[PDB]
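Novice: Sharing a structure here in structure tokens format.
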8 protein chains.
Amino acid sequence: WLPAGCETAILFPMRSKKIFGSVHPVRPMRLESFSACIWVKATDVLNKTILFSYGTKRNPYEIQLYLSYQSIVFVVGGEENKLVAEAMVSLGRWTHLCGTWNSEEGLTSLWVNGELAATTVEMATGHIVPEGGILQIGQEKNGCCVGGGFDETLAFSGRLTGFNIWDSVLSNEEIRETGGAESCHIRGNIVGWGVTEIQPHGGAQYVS
Amino acid sequence: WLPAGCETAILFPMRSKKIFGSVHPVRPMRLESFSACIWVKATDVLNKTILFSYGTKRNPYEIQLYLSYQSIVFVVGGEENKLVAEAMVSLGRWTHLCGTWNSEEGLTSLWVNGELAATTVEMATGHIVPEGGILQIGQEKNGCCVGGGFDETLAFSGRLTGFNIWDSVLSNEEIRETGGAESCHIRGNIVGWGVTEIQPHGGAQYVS
Amino acid sequence: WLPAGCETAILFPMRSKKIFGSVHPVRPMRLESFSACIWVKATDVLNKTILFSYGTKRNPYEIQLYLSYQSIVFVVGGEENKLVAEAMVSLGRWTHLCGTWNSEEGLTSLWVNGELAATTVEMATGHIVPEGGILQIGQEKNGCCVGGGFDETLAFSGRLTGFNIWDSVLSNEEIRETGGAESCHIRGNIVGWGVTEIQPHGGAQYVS
Amino acid sequence: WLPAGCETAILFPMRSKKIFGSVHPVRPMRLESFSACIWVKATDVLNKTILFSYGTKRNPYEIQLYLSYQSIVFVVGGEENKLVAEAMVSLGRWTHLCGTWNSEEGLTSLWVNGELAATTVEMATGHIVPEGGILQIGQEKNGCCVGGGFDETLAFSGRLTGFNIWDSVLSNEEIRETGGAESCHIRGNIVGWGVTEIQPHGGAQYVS
Amino acid sequence: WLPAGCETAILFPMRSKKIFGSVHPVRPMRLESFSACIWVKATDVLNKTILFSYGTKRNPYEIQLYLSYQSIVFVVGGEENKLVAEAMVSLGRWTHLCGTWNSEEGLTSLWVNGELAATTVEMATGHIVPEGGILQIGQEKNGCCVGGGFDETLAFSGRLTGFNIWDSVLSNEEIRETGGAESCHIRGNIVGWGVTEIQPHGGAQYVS
Amino acid sequence: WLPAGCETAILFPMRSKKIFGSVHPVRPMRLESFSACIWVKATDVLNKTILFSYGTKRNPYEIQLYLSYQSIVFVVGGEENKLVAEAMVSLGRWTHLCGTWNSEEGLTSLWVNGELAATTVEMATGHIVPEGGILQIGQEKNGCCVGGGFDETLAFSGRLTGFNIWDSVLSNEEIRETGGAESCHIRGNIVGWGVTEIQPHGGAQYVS
Amino acid sequence: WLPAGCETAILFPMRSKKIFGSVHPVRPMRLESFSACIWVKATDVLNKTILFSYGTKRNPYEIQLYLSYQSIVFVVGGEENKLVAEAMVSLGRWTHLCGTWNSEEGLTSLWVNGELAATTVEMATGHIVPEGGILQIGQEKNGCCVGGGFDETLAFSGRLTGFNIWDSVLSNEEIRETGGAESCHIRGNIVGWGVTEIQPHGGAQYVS
Amino acid sequence: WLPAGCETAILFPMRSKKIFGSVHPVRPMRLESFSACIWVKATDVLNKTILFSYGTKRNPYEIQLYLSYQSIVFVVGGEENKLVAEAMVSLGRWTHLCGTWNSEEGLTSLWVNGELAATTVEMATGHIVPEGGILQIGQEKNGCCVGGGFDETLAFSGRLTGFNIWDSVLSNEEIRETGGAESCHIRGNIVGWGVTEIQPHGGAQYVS
Ligand SMILES: *[C@@H]1O[C@H](CO)[C@@H](O)[C@H](O)[C@H]1NC(C)=O
Ligand SMILES: *[C@@H]1O[C@H](CO)[C@@H](O)[C@H](O)[C@H]1NC(C)=O
Ligand SMILES: *[C@@H]1O[C@H](CO)[C@@H](O)[C@H](O)[C@H]1NC(C)=O
Ligand SMILES: *[C@@H]1O[C@H](CO)[C@@H](O)[C@H](O)[C@H]1NC(C)=O
Ligand SMILES: *[C@@H]1O[C@H](CO)[C@@H](O)[C@H](O)[C@H]1NC(C)=O
Ligand SMILES: *[C@@H]1O[C@H](CO)[C@@H](O)[C@H](O)[C@H]1NC(C)=O
Ligand SMILES: *[C@@H]1O[C@H](CO)[C@@H](O)[C@H](O)[C@H]1NC(C)=O
Ligand SMILES: *[C@@H]1O[C@H](CO)[C@@H](O)[C@H](O)[C@H]1NC(C)=O
């Protein structure tokens, strides 16, 4: 079974030092504001489980969404800048997680299953995300084919689908639409599920 | 679920610079008239989305069928010769397309879901399709193994099945039969679905 | 859907110059009498479609079962020795074939869907099948590691399952049992489905 | 169909000389006591069919669970130390098999489908399982780079799932819970199904 | 032994339907005038033996240098335009071949071993070499990922080294310098030996 | 060091069950008469060491040249037809072996180091070598993709070079020329060294 | 020819987006002072040509040695901390480079061909090089499995050998010894040539 | 340059966790007496550097020869049974090492460069080396693919050639012959250099 009428997913059977998936956007990743939603079905959540992470050479923490024991942490700009939802994490159940960001005044937010879960102001005000980064799902940026691999602790185990990124802050109506029962045909422009190239590596598999 | 009782398809999870599928006919492709049907289910359509393309080194535009928004364009001989349907394609729904051609008087036709959608005369009159070319599905003839790859804009994302080519012009009764509820055992002679060799590349997958 | 109770099959999506599957028995193939059954679901039957073939260096035609239009030909020893059944096999439907042989005075027989279809006597009398040959399904003995070589005409396209070989002549009760609705747990000793090693090559797939 | 709501398994289509799966625990395997459960569905059982085996360089028989006809043999420390269940395993049916061990004075036991099947005392008393060995499923350590090497007789053919190892002797309530109808979310700490790395080799396949 | 003091070459042990080498320039190939030199040691010269070829999708004959028995044919723009030096090639001996082109008035030349061998005027006057094509050595453009494809007759067998391309017509002094005994460090800007990426395919080998 | 000024060879470092090299002639192998020479340097000569072998499906012994303990055996048509030299082969020394055949009257001969060593008459008179077989060096025809299969006893260990085949019986002057110190540029038409495709397999290596 | 007494090297025939070599030290790279020498023969030096680079996740610029036209730049800690020897490099000639660093007082030095070329004080005083980074030769850490992802401008083209790293500042006598004609047996402890694992990638190859 | 006139060797450029070479004898390794000689040229000799090792499942130390700083240790049967020569091995120069064993009275010996270096009596008296073990050069025991790897400490770095094993104790004259300047043509029967299959893995490569 699949969450909202989507017909494809990616399976992480296990968390190891080689498993991850890489995203290749078609247009530059420089952003003034953005939105990014995804579907998750977690098997085991640890001290810090990376869902997706965008990072550059000088700063590996440009954008980062990950799960703690019972909370969702959304990071923009750096570690000190983070927004935390309280007690809205589950295991073995499909759940939708969307979050927006605006650089004009640092408005960031988190929505879980179509309902606001967190919000703050004056986060990374005036910041701009640069180009030339590496976008990944299920793992953080680190050496590949060199060194011991990735940190086995931060990896992800479960299923992912519906990974979309927009170049603007979606309105409330759009955000509730994206999590609906017929929401798998609306895809973002920077990244879209089904049109953008996503290459599983190290053991991740496409499943239909 | 697949249409007309077919039990195999090909999946294009993404449109990238390396994804395509190649067809290897058993007999020469030299033709004076031909017919070609296919089942398609598109995910996203750009200004030009190649379904299948046949071309030699001298002329890469011998035969070509592609989608542009809600229109269907059928090309024989070159760009100047093209037949266009208006609003006969959707997204996320299985649809049957079949095109007809005759070099004796240049009669071309397009049928969508068993109904005539376009017709023309004096198209490539007296022209003979050469032999020894290359036939792909979902991509256009270009540098495949080495180079800059293909143009990602023209690639295809979705599902395809039931790709048949005949060496003659099918009659109206045969054309309506081919899109029937039990038409998946009607295969053409130049190319037949299930007997001819089709090799997905670069990320395309059989869904058998 | 699988024929009787089996939960694994092999798919030949296409007939080409590279597709086949090889069988590696655990014990010698030297035999004075044998029985062999199989499930087939043919897509397109040509003038000679090989199902399975056992051949040695000096004689590539030791044992051979194949289809020719709506007829079944069973060969032991050589071409001159063949048993033919008429109007037995159809396309796109699961059917059970099983052949019997005895070297004492050449009793050979063919059963289709549990019913006798042919029988003859004094075939290859006194002949002993040698050992050290190559056993294959869906193709005939020929060079394979030269980029091809296999005759594209004789190959097979469809699904196969339940390939068993016994070292003796099964009785009538056993033969009718092997084609029942709870027969997939009855496996032969020389070759058994799910116990013996079978390696698809060139495009054949397991469709468990 | 899979047991206890598990959504993944590993398939052994055959027992060749190269088929096995390797487990890579995160933490050391030095144990004073342990408990290890698994789901199995066997196709054919020989004189000795290995399910999982842990062994070091000096002692290849540190821990071993295997089937012999209709009996289950559990080995800790060597051949002389074995516990045998009489007539409590079948073919083609999912069955749960757990077994605990205590090093304090050698309490070992076997449970089949949540019911005690065997028990003994004073087995490998004072023994400590070393660390730095190799853990495998479906085969015994012989060598994977000798052009094969594994003895085909001992290999396994069927399906496996739910392989967990704990660092302590589970209580009776815990064991009946693990064998329950919704127990697939109860995973052990030394090895857990879905979090620990398991790499099928030589023909074994993940199936969903 | 290699000429002019070069430590590397490329070996074509044989001419088949897969052997070639591809060049990946760092800057666009759009040119108004150019020069291009190379070292050859031919084993067997045929009716037409391609040394290097540049071609686009529309026009596969943009630039070509090839050997025809004991002659050298230099092609710019198309097949109709060609310059033929005559009686100035051998087998099994290193030889240097350069040629310049100017689009302002269509001046073309050919130098063999530092001596002018041919010259013409009004060749492809006003023509501009497009950009975005494919550059190769030892073969023509189309025929990859087709199961061979390349014409076995036109391929090359021997050794090549010192392949350089400039963006301007080299003067006479520079041309005589390039074929000197200390010229292997004189590399062009569009393509340079030892700086530009040249990856052999299909059986070609780097040799030192 | 290599003989007669040849600059390439093939190394067989070991005789195994997978080592061999395959030849792909451009034109058909149907022959009325032929001549075939080769350079050989043997490391260990066993009861029968294959140099090159041509065989079809129905007759694996069409043409065969191999070495015995101290003799060279040349076979045309079948095992019963063979010509044997007596004491004219050594180990670790380059030696030229050439033999001709004529079907008009069955004249066969063997030359070793430019000197005639054997001759016979009425050998395979009226025979014609079929076409569509497999040509190999260092091994005899047998299954190769099965996984090993080749009999290690008959394999070859050493170095080979200068393998040429003509379509006619070379005269005495040509035969003495082919073994000279400036002969490595004399290549045959059916097969030529450095022009015909010869791809080693299983551990054989090109060496320069 | 090799520089002093070494018998292996690594060849970079070209600079592309994939070529580099990775080093796997046996012991941790945490250092308070170090020395590092290398043999280099450059083909083309650009605005910045990386020889070797050590960097962590938070700081890709921990240690760096690279060539800029006719100068040598040695970097410890970050960009602002650099030592620049000037006019001490050529092209196509073997040259020995070695630099030392001390964290107690920030003493850094550069030696070229056994002669001091630069010296500085108060460079990264009190700094400790972290551990758990990635060490590479000929490239900078940017990305491996993202379809290249290496800046082609910074790559290296030429030959390298004798890469050693010590855990202490070598004395003047040791430094002049390391560049001698009998020095290839003097290997460092953190990294040693011929003892430490160095696996080239993307086109680099060992040569001996 | 190689010793005694041998054309091939094996290179171990590094000490890693995956480098080794495996030997596949033709006949059983069951022995009551044997001899085994080899040519070695060590780069760095650590506390224990394995040259070759034969071991079975129940006993990984059946036969073992290795270097310990400037000593040579020869092991038959187990750890307690060892013969140690002293000051006999250096670094960077080729040296011949032979050793014989007799089970009748437990006579063991070691020769270095053709001169006796050690001798003992009553070593493994009455012992018989079992059959079905695994023979390797440069590494101790298995773990190649998924065990995690080998112990990098025991690996070997340098060059090896001339590895021969006889089934009997060679006489003194034979032993001095085997280390001569024309000794590369005499090879053992159980294992012979050039006829037996030796397959380098993980980085080792043949060199000529
Ligand atoms: C979980 O991660 C946080 C990171 O902020 C860390 O502070 C905390 O100690 C971790 N908790 C456990 C139980 O490891
Ligand atoms: C689509 O292509 C046509 C060429 O036929 C061009 O005229 C048109 O501008 C294009 N439209 C878009 C949206 O790119
Ligand atoms: C089929 O093969 C048979 C050989 O028994 C031959 O006689 C017949 O002509 C063939 N028919 C066709 C249609 O190829
Ligand atoms: C089954 O294994 C047992 C192990 O104790 C041994 O007797 C023999 O190998 C087999 N016995 C039978 C009756 O097959
Ligand atoms: C050589 O090629 C030329 C191409 O212009 C052709 O005209 C000519 O016939 C060829 N010669 C031979 C002998 O094939
Ligand atoms: C060598 O081969 C021949 C083949 O004719 C055989 O007759 C002979 O016995 C063999 N000799 C040995 C010693 O194996
Ligand atoms: C060379 O690199 C330096 C880096 O400091 C830069 O400032 C300079 O502009 C570069 N020179 C050229 C010609 O690119
Ligand atoms: C060298 O190895 C031997 C093995 O017997 C060991 O006893 C000894 O301590 C080692 N020496 C060093 C310096 O580690």
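Think of each number as a place in line: the chain as shown, counted from 1.
According to its header, the structure was obtained by electron microscopy, 2.8 Å.
Every residue, even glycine, has its Cβ placed from backbone N, Cα and C.
Take a look at what Swiss-Prot says about it:
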| type | residues | note |
| --- | --- | --- |
| DOMAIN | H:6-208 | domain 'Pentraxin (PTX)' |
| DISULFID | H:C6-H:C184 | disulfide bond |
| DISULFID | H:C37-H:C98 | disulfide bond |
| CARBOHYD | H:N47 | N-linked glycosylation site |
Novice: Report the nearest neighbour of H:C37 (disulfide bond) in space among the recorded positions H:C6, H:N47, H:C184, comparing Cα positions.
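Specialist: Checked the recorded positions H:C6, H:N47, H:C184; minimum Cα distance to H:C37 (disulfide bond) goes to H:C184.
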Novice: Would you mind listing, in sequence order, any of the recorded positions H:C37, H:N47, H:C184 that have a CB less than 8 A from a CB of chain C?
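Specialist: Correct list: none.
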Novice: Between H:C184 (disulfide bond) and H:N47 (N-linked glycosylation site), find the distance joining the two CA atoms and give it rounded to the nearest Å.
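Specialist: So the alpha carbons of H:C184 (disulfide bond) and H:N47 (N-linked glycosylation site) sit roughly 31 Å from each other.
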Novice: Report, as a single number, how many Cβ atoms besides its own are within 10 Å of the Cβ of H:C37 (disulfide bond).
Specialist: 24
Novice: Among the disulfide-bonded residues listed here (H:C6, H:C98, H:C184), identify the one with the smallest other-Cβ count within 10 Å.
Specialist: H:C6
Novice: List the same-chain residues at least 6 positions away in sequence whose Cβ sits under 8 Å from the Cβ of H:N47 (N-linked glycosylation site), in sequence order, or say none.
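Specialist: Same-chain residues close to H:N47 (N-linked glycosylation site) (Cβ under 8 Å, separated by 6 or more) are H:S68, H:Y69, H:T153.
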Novice: Secondary structure at H:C37 (disulfide bond) (DSSP, helix/strand/coil)?
Specialist: strand
Novice: Those recorded positions, H:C37, H:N47, H:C98, H:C184: which ones have a Cβ sitting under 6 Å from ligand 8?
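Specialist: Checking each Cβ against ligand 8, the ones under 6 Å are H:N47.
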Novice: Please report the Cα separation of H:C6 (disulfide bond) and H:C98 (disulfide bond) in Å, rounded to an integer.
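Specialist: Per the Cα atoms, H:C6 (disulfide bond) and H:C98 (disulfide bond) stand 17 Å apart.
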